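Below is one structure, written out as C-alpha cells; the observations come after it.
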Amino acid sequence: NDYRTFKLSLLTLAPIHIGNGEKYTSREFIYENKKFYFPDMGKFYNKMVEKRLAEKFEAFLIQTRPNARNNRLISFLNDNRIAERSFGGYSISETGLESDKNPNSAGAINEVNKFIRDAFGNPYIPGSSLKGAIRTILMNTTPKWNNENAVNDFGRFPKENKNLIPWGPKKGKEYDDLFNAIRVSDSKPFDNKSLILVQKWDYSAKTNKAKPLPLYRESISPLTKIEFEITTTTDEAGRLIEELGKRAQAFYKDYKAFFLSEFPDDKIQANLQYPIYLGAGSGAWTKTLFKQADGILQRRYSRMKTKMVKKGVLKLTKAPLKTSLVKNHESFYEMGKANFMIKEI
Amino acid sequence: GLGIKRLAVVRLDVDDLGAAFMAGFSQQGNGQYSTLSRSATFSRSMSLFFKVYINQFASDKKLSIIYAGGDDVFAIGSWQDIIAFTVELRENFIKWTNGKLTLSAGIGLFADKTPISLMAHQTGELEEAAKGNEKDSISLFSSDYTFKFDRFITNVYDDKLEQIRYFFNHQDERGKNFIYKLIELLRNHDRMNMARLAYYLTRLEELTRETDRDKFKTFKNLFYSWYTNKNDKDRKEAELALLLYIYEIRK
Amino acid sequence: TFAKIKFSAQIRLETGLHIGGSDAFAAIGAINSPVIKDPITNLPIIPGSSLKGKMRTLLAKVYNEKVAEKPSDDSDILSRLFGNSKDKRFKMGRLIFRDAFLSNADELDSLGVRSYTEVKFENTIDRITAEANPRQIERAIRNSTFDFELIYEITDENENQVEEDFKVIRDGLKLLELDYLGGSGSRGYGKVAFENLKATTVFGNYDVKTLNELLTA
Amino acid sequence: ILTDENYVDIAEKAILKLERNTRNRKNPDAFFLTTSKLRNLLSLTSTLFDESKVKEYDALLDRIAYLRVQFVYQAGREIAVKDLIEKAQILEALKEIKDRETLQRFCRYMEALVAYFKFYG
Amino acid sequence: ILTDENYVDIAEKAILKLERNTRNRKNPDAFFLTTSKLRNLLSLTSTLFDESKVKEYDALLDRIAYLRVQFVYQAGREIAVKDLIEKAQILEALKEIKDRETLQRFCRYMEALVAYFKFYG
RNA sequence: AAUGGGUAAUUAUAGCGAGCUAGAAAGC
RNA sequence: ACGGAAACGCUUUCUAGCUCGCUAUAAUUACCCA
C-alpha cells in the first residue's frame, strides 16, 4: 500500500504548554497543601449558595484586599470555615519552585492557563500542534521555501502570501497537496500526574537578569515519552518525513547560531535526540520563518512593550529538575524544547 | 433518433384576401387600375400559386397537404418538414407577391393518435390568434409563442437556432440540463432572474474545460445580450429557439 | 431468487472525527465549524454519504486499472456495488449504506462526559509577523461507538459475484481503518475501528456460515 | 428603502459603485472584497429565506435581529465589507423589514448583490 | 429587559454611551475599554450559548448562576468594565433568564455589544 | 528593592455554492 | 314531450440514478503596569 506509516516518540526536556484558550483567574482555585485544587466553579457556587453565603462571595470577588495570602479563595474557605473540598474538576500537585516569593506567602499564583483536554478528563497533545511544529522545520530547512514567501507590500505589508506550499484544489491541475500527504495523528491521552504549572521567566539581554512574569501556564512534566503517528501517502512526503531527523538538526543549527547565541550557554539545554520546538513559550522565532521575519516582526510592536531591538527576549521557566536535563543551577528550562525520534513501521 | 415523436399541423391563410379582392388595385392611382383584366389575372395568379405550386414547395418533405387553395391551407405532416415548409411557403410568397400580401400561419404540435378534429380546431385557434397578433404573424405551437414571419424566419429559425446548434454540437460538457434550465429562466422571468442568470452563466463559464472556454464565453455574453436587451422581442425568440433545439435533440 | 444481507459493524472512534456542516447563524465567539448532528437528539451522526463516498475513493485508487478521472469510469468491480449513472445496467446501487447514529449515549455518560462533542481551539500561526487566527471546530469525542448498518443486495444477476464482493466490502472496511473518515484528517480526526463485522441476512434465505469467516480474518 | 421594482438594480449599481483594487495587475480592476467575505453573509439570509416560507414571521424575528449583529460585526473586521454595507445600504435595509414579504425582498436583494458580484469579476 | 426586536438597538446606543478618552487625541474617541476585555466577557457566555443549543435549561441554570458572579468579578477588575456593565444593563438582564429562549437572547445581546464595539473605533 | 496584579492582538482566512442522465411515454 | 337519453379525460408510472462538507492551518504572539 502507498500509505507508509511511521511512529514518532517525543520526549519532554523542557515543559510544553499547548493552547486550550481559557484560563482560571485569581479566585478559581484552592491550595490546601502541595496540591492546587481546580474545581468546577459552577458546582462550587451551587454548593456554597446553600448557606446564603454567596452574597458574601459577591463581596470577596471584587475585594482587592492586600497581602495576597488573603486573596486566593483559600482564605475565603479558611475564613467562613467551608471545609469539604469535594467539588469536581482536577487537582494537580505543585511544581514546587514557581513561588520566588517568601515561604508561606507562597501559593499566591494568579492566572493559570489550562492544558488542552478531551472531554473525559484527561489531557493529550493534539496532532495539529505537532503538525504545525513540523511545518516550520520543513519550511525553514527547504531553502526554496524561504526566499520569496513574503508580503510584496500588498496591504500595509505585514502579511505573508501563504501560497508557496502546494495548497488547494487548483482547477485543471492534478491534486498535489504535499501537506495533505503528511497526516499527523493525535497522541495517546495521558494522565494529569505530569502537569506542574510552570511560571514564565523572561531572561533578556542588555539587562542580564531573569525578571519573572505573572503568567503561570500549566505544562508537561519533563521526561515524558509521548506517542505519535505520521502516516504519509506520497513518496514526496516520504522524503521529507525521512529527512526530518536531519532537517531538525539543521533548523536547530541555523537557530542556535542566530538567536540562542548572544545568550549564555548555561541557560541552554542539550538535545539527546532530534530537536523540536513545540508550542506556547518557545517564542516567535520557532513559530516563524525567522530568517526573513527579522525586519517584519518588529514592525508590529509599536506599543507599550516593544521588542528590545531585534531578537529581544529568551523565555525560560522553572520545573523540578528531573534527569540531568539542564547544565545549570536553579532549574531554568527553555519552555518548549522537546526531542523526537522517528521510525518507519 | 434526433427528434421528438410528434406531428405538426399548419393552417396558413393570406391576411386580408377580401381586402385584396374588393379594393385590391385601387390603392395605386386614382381608381384607374382596379379593372377586369388585372382582377382576373391576379385571381388566376393566386390560384396558380396556392393550388399548383404548393406541391413544388412540398416535394421532398414528409407531409400531407390536406386542403389548399383560395387563401386557406391546412397541411398535416412531420414537424420539422411542416416548419420548413411554412418557411419555404412564406419565403416564396413574398418573392411572388413582392412583399405585399402578408400571410399568417399557425402551427400546432401534436402527439400521435390524437384525433384530427381536436387537432384542426386547436390549430385554427392558433391561426386566428396569429391573425389577431398583428396583420402578419406565425403562432408556433401555443398562444404565447407568437412572432412575425419577418422575424421568425430570419432571427429565430436561421440566426438564433443555427447559433445554438453551432455552439452545442461542438462541445461535450453541457448537455440537455443546461438547456432545460435556460428555458426555465426564460419562461419564469422576473427582473431577479436576470441576476440569477448572470450568476449562472458566470459560474458555468469557469466550470468548463479551460482550453475551450471562449466558446462558452462568446455564447454566454450573447445569451446575456438577448436576455437583458429590454425590447421584449429578443427573449421569446431565444425561448422558442431552445424549444426547437430540445425537440431536435430529443432521443 | 432475491436475498438481502446486512453488516452490523460498530464504528469505534479513535481520536474522534468532525464531519462538517454549514450554519449561517452560529455565533461571534463560539463554534464556526460544527459537526453534523441529528436535529432532535443532538447527537453527532456519521452520515452514510461520507462513508460511501470515502470507500468509493479508497477502492477507486485500488480496484481500478485505468486512472478513473470521474465516477462513471470505475472498472465495474466498483460500479456494480456503488452504481454508475452513465452505464446502462449498473444504475442502481446494490449497496445501501446507512447513517451511523451514535449508540453509546449512555456508556459515555458513565465516564465524566458533560457534552457529547468537544470544542477544540485551533489557531493559524502566520509564519511572518507570528500572528494567530483562532477558530473553534467541534468534534465528536474519543470513546464513541456508532451502529453501522450496511445492506447488500442479491438478485439473479449474481451468478458467481456474491462472495467476490466481500473482498470489496472488507477491503473498504479495513482501508477506512487506514484513512481518516472525513474531517481535517491530516491533523488527526480520522482513525476508527470497525468492530464486530457480523453479516446476517434480512430478506430471503442465504447461507452466511461461510461468510462470517472472511470477516474475522 | 428598496421596493419590488428596484432591488436588483440597486444591487447592480451598488456593486458598480464599489471601489476596485489599485495594485495587482494580474486580473486588474478587481475588487478588494473576497468572495468568501460575502458568501459568509449571504449564508445567513439564504437559510433565513428558506425558513421564511415554512415558518411564520413572528417566530422568525430573532434571526432577523441577529442579521444586524452579524452585518455590523463583519463590517468592523475589514474595510471591504464596511465599504460594502456603506455602498449597498444594508443596515438601512435592515431597520425596515417588519414583515415577511419585505424579509424575502431583502434576502433576494442580498442574492442579487452576490450574483452581480460574481458577474463582474 | 430585552426582547427579540430591541436587543440590538439597546446594545447599539450603549456603545455610543460608553466613555472615551477626553484627553489623548490619537484616534480620538478611543474608549477606556479595549477589545480584549470585551472578548473575555463574551468567552464566559459562548459555551453557555452552545449548551443552550444542545442541552436544556435544567442542567444549565447553575452555569447561569455562576455567570453572574463571573460578571461581578470582571466588573471589579477594571473601571471601564465596571462601567460597561452599567451603561449596557448586563446585571439587570442577568436577573431575567427564564428560558433557553431568553439565555440565547442574552448571548445575542453580548454578541451585539461586541459587534457594535468593533464597528465603532 | 520588594507588594499587588497581568496587559495588548487576531475570534477563522481563501475557495467551491451544485454537475450530468431523464423533461413525459404506452393505451382506450 | 329540452339535437335530446345513457358516459369518471380515466388506467399504468418512485423525482429517480451517481457524488467524502472537503483542501490548507501549532491557541498562539509581545513584555511588562501600579
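Please note that chains go A, B, ... in the order of the C-alpha cells, that every chain numbers its residues from 1, and that ligands are numbered from 1 in the order shown.
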
Could you superpose chain E on chain D by least squares over every Cα, matched in sequence order, and send it back as a short mmCIF file (atom, residue, chain, number, x, y, z; two decimals) with N, CA and C atoms, in the first residue's frame?
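As written to disk, out_31.cif reads:
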data_model
loop_
_atom_site.label_atom_id
_atom_site.label_comp_id
_atom_site.auth_asym_id
_atom_site.auth_seq_id
_atom_site.Cartn_x
_atom_site.Cartn_y
_atom_site.Cartn_z
N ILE E 1 -34.21 51.93 1.17
CA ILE E 1 -35.42 51.16 0.96
C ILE E 1 -35.30 50.40 -0.36
N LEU E 2 -36.16 49.40 -0.53
CA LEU E 2 -36.18 48.57 -1.72
C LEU E 2 -37.58 47.98 -1.88
N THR E 3 -38.13 48.10 -3.08
CA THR E 3 -39.36 47.43 -3.45
C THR E 3 -39.03 46.28 -4.39
N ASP E 4 -40.06 45.66 -4.96
CA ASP E 4 -39.82 44.51 -5.82
C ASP E 4 -39.21 44.92 -7.16
N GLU E 5 -39.54 46.11 -7.66
CA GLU E 5 -39.13 46.49 -9.00
C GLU E 5 -37.90 47.38 -9.02
N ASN E 6 -37.09 47.39 -7.96
CA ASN E 6 -35.83 48.11 -8.03
C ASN E 6 -34.63 47.40 -7.44
N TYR E 7 -34.81 46.35 -6.63
CA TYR E 7 -33.72 45.86 -5.79
C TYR E 7 -32.58 45.25 -6.58
N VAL E 8 -32.83 44.79 -7.80
CA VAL E 8 -31.73 44.31 -8.62
C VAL E 8 -30.87 45.48 -9.08
N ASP E 9 -31.51 46.56 -9.56
CA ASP E 9 -30.76 47.71 -10.05
C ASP E 9 -30.02 48.41 -8.92
N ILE E 10 -30.67 48.53 -7.75
CA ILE E 10 -30.02 49.03 -6.54
C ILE E 10 -28.83 48.15 -6.18
N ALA E 11 -28.95 46.84 -6.39
CA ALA E 11 -27.82 45.96 -6.15
C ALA E 11 -26.85 45.91 -7.31
N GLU E 12 -27.25 46.38 -8.50
CA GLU E 12 -26.34 46.33 -9.63
C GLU E 12 -25.24 47.36 -9.47
N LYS E 13 -25.62 48.64 -9.46
CA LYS E 13 -24.66 49.74 -9.41
C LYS E 13 -23.98 49.89 -8.07
N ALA E 14 -24.39 49.12 -7.06
CA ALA E 14 -23.57 49.00 -5.86
C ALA E 14 -22.24 48.32 -6.18
N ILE E 15 -22.28 47.21 -6.93
CA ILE E 15 -21.03 46.52 -7.25
C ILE E 15 -20.23 47.29 -8.29
N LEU E 16 -20.87 48.13 -9.08
CA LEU E 16 -20.13 49.08 -9.90
C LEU E 16 -19.52 50.19 -9.06
N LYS E 17 -20.01 50.38 -7.83
CA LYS E 17 -19.52 51.44 -6.97
C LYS E 17 -18.43 50.94 -6.03
N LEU E 18 -18.36 49.63 -5.79
CA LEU E 18 -17.33 49.04 -4.93
C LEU E 18 -15.93 49.36 -5.41
N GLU E 19 -15.04 49.58 -4.45
CA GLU E 19 -13.67 49.96 -4.77
C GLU E 19 -12.92 48.77 -5.34
N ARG E 20 -11.83 49.06 -6.03
CA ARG E 20 -11.00 48.04 -6.63
C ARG E 20 -9.56 48.28 -6.22
N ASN E 21 -8.69 47.36 -6.61
CA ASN E 21 -7.26 47.62 -6.48
C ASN E 21 -6.86 48.69 -7.48
N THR E 22 -6.48 49.87 -6.97
CA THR E 22 -5.89 50.90 -7.82
C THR E 22 -4.55 50.42 -8.37
N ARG E 23 -3.77 49.74 -7.53
CA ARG E 23 -2.55 49.09 -7.96
C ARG E 23 -2.90 47.69 -8.49
N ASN E 24 -1.86 46.87 -8.70
CA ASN E 24 -1.96 45.45 -9.03
C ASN E 24 -2.76 45.16 -10.29
N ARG E 25 -2.23 45.54 -11.46
CA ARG E 25 -2.90 45.26 -12.72
C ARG E 25 -2.76 43.79 -13.13
N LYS E 26 -3.36 42.90 -12.35
CA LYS E 26 -3.40 41.47 -12.62
C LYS E 26 -4.86 41.07 -12.45
N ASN E 27 -5.54 40.85 -13.58
CA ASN E 27 -6.99 40.93 -13.73
C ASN E 27 -7.44 42.26 -13.14
N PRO E 28 -7.20 43.38 -13.83
CA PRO E 28 -7.45 44.70 -13.23
C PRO E 28 -8.92 44.96 -12.98
N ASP E 29 -9.18 46.00 -12.17
CA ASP E 29 -10.44 46.19 -11.44
C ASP E 29 -10.80 44.94 -10.64
N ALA E 30 -9.80 44.33 -10.03
CA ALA E 30 -10.05 43.32 -9.02
C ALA E 30 -10.44 44.02 -7.73
N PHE E 31 -11.53 43.56 -7.12
CA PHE E 31 -12.05 44.24 -5.96
C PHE E 31 -11.16 44.00 -4.75
N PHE E 32 -11.31 44.87 -3.75
CA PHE E 32 -10.74 44.59 -2.44
C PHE E 32 -11.53 43.52 -1.72
N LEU E 33 -12.77 43.27 -2.13
CA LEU E 33 -13.60 42.25 -1.52
C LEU E 33 -13.59 41.00 -2.38
N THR E 34 -13.60 39.85 -1.72
CA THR E 34 -13.51 38.56 -2.37
C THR E 34 -14.83 37.81 -2.24
N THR E 35 -14.95 36.73 -3.01
CA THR E 35 -16.21 36.00 -3.10
C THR E 35 -16.54 35.27 -1.80
N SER E 36 -15.52 34.88 -1.04
CA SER E 36 -15.75 34.05 0.14
C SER E 36 -16.43 34.83 1.26
N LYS E 37 -16.03 36.08 1.49
CA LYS E 37 -16.69 36.85 2.54
C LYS E 37 -18.08 37.28 2.14
N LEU E 38 -18.33 37.44 0.84
CA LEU E 38 -19.68 37.75 0.40
C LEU E 38 -20.59 36.54 0.53
N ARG E 39 -20.07 35.34 0.27
CA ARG E 39 -20.83 34.13 0.55
C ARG E 39 -21.03 33.93 2.05
N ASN E 40 -20.06 34.32 2.86
CA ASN E 40 -20.24 34.22 4.31
C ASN E 40 -21.20 35.27 4.84
N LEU E 41 -21.44 36.34 4.09
CA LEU E 41 -22.55 37.24 4.39
C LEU E 41 -23.88 36.60 4.02
N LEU E 42 -23.95 36.00 2.83
CA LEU E 42 -25.19 35.43 2.33
C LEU E 42 -25.64 34.21 3.14
N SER E 43 -24.70 33.47 3.72
CA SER E 43 -25.02 32.31 4.55
C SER E 43 -25.69 32.70 5.86
N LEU E 44 -25.61 33.97 6.27
CA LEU E 44 -26.37 34.43 7.42
C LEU E 44 -27.85 34.49 7.09
N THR E 45 -28.18 34.85 5.85
CA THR E 45 -29.54 35.15 5.46
C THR E 45 -30.24 34.01 4.76
N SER E 46 -29.51 32.98 4.33
CA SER E 46 -30.15 31.88 3.60
C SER E 46 -31.12 31.09 4.47
N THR E 47 -30.74 30.77 5.71
CA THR E 47 -31.63 30.04 6.61
C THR E 47 -32.86 30.85 6.96
N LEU E 48 -32.69 32.17 7.09
CA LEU E 48 -33.84 33.05 7.28
C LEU E 48 -34.73 33.09 6.05
N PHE E 49 -34.15 33.03 4.86
CA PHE E 49 -34.96 33.01 3.66
C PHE E 49 -35.77 31.73 3.54
N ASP E 50 -35.24 30.61 4.01
CA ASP E 50 -36.05 29.39 4.05
C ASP E 50 -37.12 29.42 5.13
N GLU E 51 -36.79 29.96 6.30
CA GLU E 51 -37.78 30.06 7.36
C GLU E 51 -38.83 31.13 7.09
N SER E 52 -38.60 32.02 6.13
CA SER E 52 -39.62 32.94 5.66
C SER E 52 -40.50 32.31 4.60
N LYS E 53 -40.13 31.15 4.10
CA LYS E 53 -41.02 30.34 3.28
C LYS E 53 -41.86 29.40 4.13
N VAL E 54 -41.24 28.75 5.11
CA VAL E 54 -41.97 27.80 5.94
C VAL E 54 -42.73 28.51 7.05
N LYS E 55 -42.02 29.29 7.87
CA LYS E 55 -42.63 29.84 9.07
C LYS E 55 -43.11 31.27 8.87
N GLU E 56 -43.55 31.87 9.98
CA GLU E 56 -44.15 33.19 10.02
C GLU E 56 -43.12 34.21 10.48
N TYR E 57 -43.54 35.47 10.52
CA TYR E 57 -42.64 36.54 10.95
C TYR E 57 -42.46 36.53 12.46
N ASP E 58 -43.46 36.03 13.19
CA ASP E 58 -43.55 36.22 14.62
C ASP E 58 -42.60 35.31 15.38
N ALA E 59 -42.35 34.11 14.87
CA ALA E 59 -41.35 33.23 15.45
C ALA E 59 -39.96 33.47 14.90
N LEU E 60 -39.76 34.59 14.22
CA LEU E 60 -38.60 34.82 13.39
C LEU E 60 -37.94 36.16 13.61
N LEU E 61 -38.67 37.14 14.16
CA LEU E 61 -38.13 38.49 14.30
C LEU E 61 -36.94 38.57 15.24
N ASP E 62 -36.76 37.60 16.15
CA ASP E 62 -35.53 37.57 16.93
C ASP E 62 -34.33 37.15 16.09
N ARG E 63 -34.53 36.23 15.14
CA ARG E 63 -33.47 35.87 14.20
C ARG E 63 -33.12 37.05 13.30
N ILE E 64 -34.13 37.79 12.83
CA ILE E 64 -33.87 39.04 12.12
C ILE E 64 -33.12 40.05 12.99
N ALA E 65 -33.49 40.18 14.27
CA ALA E 65 -32.82 41.11 15.17
C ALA E 65 -31.36 40.73 15.39
N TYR E 66 -31.06 39.43 15.41
CA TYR E 66 -29.66 39.03 15.52
C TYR E 66 -28.91 39.20 14.20
N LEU E 67 -29.61 39.17 13.07
CA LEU E 67 -28.92 39.27 11.78
C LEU E 67 -28.27 40.64 11.60
N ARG E 68 -28.85 41.68 12.19
CA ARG E 68 -28.22 43.00 12.16
C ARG E 68 -26.89 42.99 12.90
N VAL E 69 -26.83 42.29 14.03
CA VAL E 69 -25.59 42.20 14.79
C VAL E 69 -24.57 41.32 14.07
N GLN E 70 -25.05 40.33 13.31
CA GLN E 70 -24.16 39.55 12.46
C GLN E 70 -23.51 40.42 11.39
N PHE E 71 -24.30 41.29 10.76
CA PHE E 71 -23.73 42.18 9.75
C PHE E 71 -22.83 43.23 10.38
N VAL E 72 -23.15 43.65 11.60
CA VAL E 72 -22.30 44.57 12.36
C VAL E 72 -20.94 43.93 12.61
N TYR E 73 -20.94 42.67 13.05
CA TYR E 73 -19.69 41.98 13.35
C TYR E 73 -18.88 41.69 12.10
N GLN E 74 -19.54 41.32 11.01
CA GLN E 74 -18.81 41.10 9.77
C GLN E 74 -18.30 42.39 9.17
N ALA E 75 -18.92 43.52 9.50
CA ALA E 75 -18.39 44.81 9.07
C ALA E 75 -17.07 45.12 9.77
N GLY E 76 -16.98 44.79 11.06
CA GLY E 76 -15.83 45.15 11.85
C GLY E 76 -14.64 44.22 11.73
N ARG E 77 -14.69 43.28 10.80
CA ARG E 77 -13.57 42.37 10.58
C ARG E 77 -12.67 42.82 9.44
N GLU E 78 -13.25 43.25 8.33
CA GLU E 78 -12.49 43.53 7.12
C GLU E 78 -12.95 44.87 6.57
N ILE E 79 -12.03 45.63 5.97
CA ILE E 79 -12.35 46.99 5.53
C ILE E 79 -13.26 46.97 4.31
N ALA E 80 -13.13 45.95 3.46
CA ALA E 80 -13.99 45.88 2.29
C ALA E 80 -15.41 45.49 2.64
N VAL E 81 -15.59 44.65 3.66
CA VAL E 81 -16.94 44.32 4.10
C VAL E 81 -17.54 45.50 4.86
N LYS E 82 -16.69 46.28 5.54
CA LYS E 82 -17.11 47.53 6.16
C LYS E 82 -17.62 48.54 5.14
N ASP E 83 -17.12 48.47 3.91
CA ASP E 83 -17.51 49.37 2.83
C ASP E 83 -18.66 48.83 1.98
N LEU E 84 -18.73 47.51 1.78
CA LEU E 84 -19.81 46.92 0.99
C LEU E 84 -21.17 47.14 1.65
N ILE E 85 -21.22 47.10 2.98
CA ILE E 85 -22.45 47.43 3.70
C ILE E 85 -22.76 48.91 3.69
N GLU E 86 -21.87 49.74 3.16
CA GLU E 86 -22.10 51.17 3.01
C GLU E 86 -22.37 51.60 1.58
N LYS E 87 -21.76 50.94 0.59
CA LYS E 87 -22.09 51.21 -0.81
C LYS E 87 -23.49 50.71 -1.10
N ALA E 88 -23.68 49.40 -0.97
CA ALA E 88 -25.03 48.86 -0.92
C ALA E 88 -25.60 49.13 0.46
N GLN E 89 -26.71 49.86 0.52
CA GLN E 89 -27.28 50.15 1.82
C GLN E 89 -27.91 48.90 2.42
N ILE E 90 -27.11 48.19 3.21
CA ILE E 90 -27.57 46.98 3.89
C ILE E 90 -28.15 47.30 5.25
N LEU E 91 -27.44 48.08 6.07
CA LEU E 91 -27.94 48.40 7.40
C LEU E 91 -29.09 49.39 7.32
N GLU E 92 -29.16 50.16 6.24
CA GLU E 92 -30.32 51.01 6.00
C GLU E 92 -31.55 50.18 5.66
N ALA E 93 -31.34 49.04 4.99
CA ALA E 93 -32.44 48.18 4.59
C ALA E 93 -32.83 47.18 5.65
N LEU E 94 -31.93 46.86 6.57
CA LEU E 94 -32.27 45.99 7.69
C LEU E 94 -33.17 46.66 8.71
N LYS E 95 -33.19 47.99 8.75
CA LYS E 95 -34.08 48.67 9.68
C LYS E 95 -35.53 48.52 9.25
N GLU E 96 -35.77 48.28 7.97
CA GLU E 96 -37.11 48.21 7.40
C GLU E 96 -37.38 46.77 6.98
N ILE E 97 -37.78 45.94 7.93
CA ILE E 97 -38.27 44.60 7.66
C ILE E 97 -39.55 44.44 8.46
N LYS E 98 -40.69 44.51 7.79
CA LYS E 98 -41.97 44.64 8.46
C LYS E 98 -42.83 43.43 8.13
N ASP E 99 -42.31 42.54 7.29
CA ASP E 99 -43.12 41.44 6.80
C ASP E 99 -42.26 40.27 6.34
N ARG E 100 -42.90 39.11 6.18
CA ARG E 100 -42.35 38.06 5.32
C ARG E 100 -41.98 38.59 3.95
N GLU E 101 -42.87 39.35 3.33
CA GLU E 101 -42.70 39.87 1.97
C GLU E 101 -41.71 40.98 1.88
N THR E 102 -41.14 41.44 2.99
CA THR E 102 -39.98 42.31 2.98
C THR E 102 -38.70 41.57 3.31
N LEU E 103 -38.78 40.55 4.16
CA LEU E 103 -37.61 39.75 4.50
C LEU E 103 -37.15 38.93 3.30
N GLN E 104 -38.09 38.34 2.57
CA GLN E 104 -37.74 37.64 1.35
C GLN E 104 -37.17 38.59 0.32
N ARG E 105 -37.66 39.82 0.28
CA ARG E 105 -37.12 40.83 -0.62
C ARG E 105 -35.70 41.21 -0.25
N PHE E 106 -35.41 41.30 1.05
CA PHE E 106 -34.05 41.60 1.49
C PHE E 106 -33.11 40.45 1.18
N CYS E 107 -33.59 39.21 1.30
CA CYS E 107 -32.76 38.07 0.94
C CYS E 107 -32.52 37.99 -0.57
N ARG E 108 -33.51 38.35 -1.39
CA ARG E 108 -33.25 38.50 -2.82
C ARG E 108 -32.29 39.64 -3.11
N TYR E 109 -32.29 40.69 -2.30
CA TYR E 109 -31.31 41.75 -2.49
C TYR E 109 -29.90 41.25 -2.19
N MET E 110 -29.75 40.43 -1.15
CA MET E 110 -28.44 39.85 -0.85
C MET E 110 -27.98 38.92 -1.97
N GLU E 111 -28.90 38.11 -2.49
CA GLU E 111 -28.57 37.22 -3.59
C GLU E 111 -28.30 38.00 -4.87
N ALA E 112 -28.94 39.15 -5.05
CA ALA E 112 -28.64 40.00 -6.20
C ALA E 112 -27.26 40.61 -6.08
N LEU E 113 -26.85 40.97 -4.86
CA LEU E 113 -25.50 41.46 -4.62
C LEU E 113 -24.46 40.41 -4.98
N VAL E 114 -24.70 39.16 -4.56
CA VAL E 114 -23.76 38.08 -4.85
C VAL E 114 -23.72 37.76 -6.34
N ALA E 115 -24.88 37.79 -6.99
CA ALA E 115 -24.95 37.51 -8.42
C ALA E 115 -24.22 38.57 -9.23
N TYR E 116 -24.44 39.84 -8.91
CA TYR E 116 -23.77 40.88 -9.66
C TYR E 116 -22.31 41.02 -9.27
N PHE E 117 -21.91 40.48 -8.12
CA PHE E 117 -20.48 40.36 -7.82
C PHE E 117 -19.84 39.30 -8.69
N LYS E 118 -20.50 38.15 -8.81
CA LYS E 118 -19.93 37.04 -9.58
C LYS E 118 -19.88 37.37 -11.07
N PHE E 119 -20.85 38.14 -11.56
CA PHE E 119 -20.86 38.55 -12.97
C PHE E 119 -19.72 39.50 -13.31
N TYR E 120 -19.20 40.24 -12.33
CA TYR E 120 -18.20 41.26 -12.56
C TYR E 120 -16.89 40.81 -11.92
N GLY E 121 -15.98 40.28 -12.72
CA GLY E 121 -14.70 39.80 -12.23
C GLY E 121 -14.81 38.56 -11.36
#

Show me, as number ranges by chain, the residues of chain A whose atoms get within 7 Å of chain E, using only C-alpha atoms for the distance check. A: 42, 45-46, 58, 61-62

If the cut-off is 12 Å, can you tell me the residues of chain C near chain E, counting only C-alpha atoms? I'd like them as an MDAnalysis selection string. chainID C and resid 25:32 34 37:44 114:119 136 138

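Residues lying within 12 Å of region 23-26 of chain F, counting only C-alpha atoms (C1' of nucleotides) and ignoring same-chain neighbours fewer than 3 positions away, are residues 4, 5, 111, 112, 113, 176, 177, 178, 179, 180, 181, 183, 184, 243, 246, 247, 250 and 251 of chain B; 11, 12, 13 and 15 of chain G.
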
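If you look at CA of residue 56 (chain B) and CA of residue 44 (chain B), they are 17.7 Å away from each other.
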
Excluding region 1-11 of chain F and its own-chain neighbours fewer than 5 positions away, which residues fall within 6 Å of it when counting only C-alpha atoms (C1' of nucleotides)? Please give them as a ChimeraX atom specification. /A:214 /C:29,132-134

Tell me as a PyMOL selection string which residues belonging to chain F come within 12 Å of chain C, counting only C-alpha atoms (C1' of nucleotides). chain F and resi 9-13+17+19-22

Identify every residue of chain B that has at least one atom within 9 Å of any atom of chain D, counting only C-alpha atoms, and report the result as a ChimeraX atom specification. /B:191-192,194-203

Set the distance at 7 Å and use only C-alpha atoms (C1' of nucleotides): which residues neighbour region 219-226 of chain A once local chain neighbours fewer than 4 positions away are removed? I'd like the list as number ranges by chain. A: 9-17, 115, 187, 194-198, 322

Just C-alpha atoms for this one: save the residues we selected as an mmCIF file, in the first residue's frame.
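Full text of again-v7.cif as output:
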data_model
loop_
_atom_site.group_PDB
_atom_site.id
_atom_site.type_symbol
_atom_site.label_atom_id
_atom_site.label_comp_id
_atom_site.auth_asym_id
_atom_site.auth_seq_id
_atom_site.Cartn_x
_atom_site.Cartn_y
_atom_site.Cartn_z
ATOM 1 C CA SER A 9 8.148 9.077 20.003
ATOM 2 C CA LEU A 10 8.560 12.502 21.566
ATOM 3 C CA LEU A 11 10.366 13.463 24.744
ATOM 4 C CA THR A 12 9.948 16.466 27.015
ATOM 5 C CA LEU A 13 13.148 18.172 28.070
ATOM 6 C CA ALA A 14 11.531 21.495 28.766
ATOM 7 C CA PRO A 15 7.878 21.817 29.790
ATOM 8 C CA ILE A 16 5.347 22.272 26.992
ATOM 9 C CA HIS A 17 2.027 24.143 27.298
ATOM 10 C CA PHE A 115 -3.923 22.461 29.206
ATOM 11 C CA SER A 187 -1.327 11.487 20.855
ATOM 12 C CA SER A 194 2.564 15.022 34.645
ATOM 13 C CA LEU A 195 1.464 18.671 34.866
ATOM 14 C CA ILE A 196 3.302 21.149 37.057
ATOM 15 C CA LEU A 197 2.164 24.720 36.164
ATOM 16 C CA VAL A 198 5.443 26.484 35.424
ATOM 17 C CA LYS A 322 14.482 15.539 36.616
#

Please return, as a count of residues only, all residues of chain A lying within 6 Å of chain C when only C-alpha atoms are considered. 15

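Here the DSSP assignment of helix (DSSP H, G or I), based on backbone atoms, applies within region 26-217 of chain C to residues 48, 49, 50, 51, 52, 53, 54, 55, 56, 57, 58, 59, 60, 166, 167, 168, 169, 170, 171 and 172 of chain C.
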
Once DSSP has gone over the backbone, tell me which residues of region 84-174 of chain C are in strand (DSSP E), as a PyMOL selection string. chain C and resi 95-96+101-102+117-121+136-140+145-154
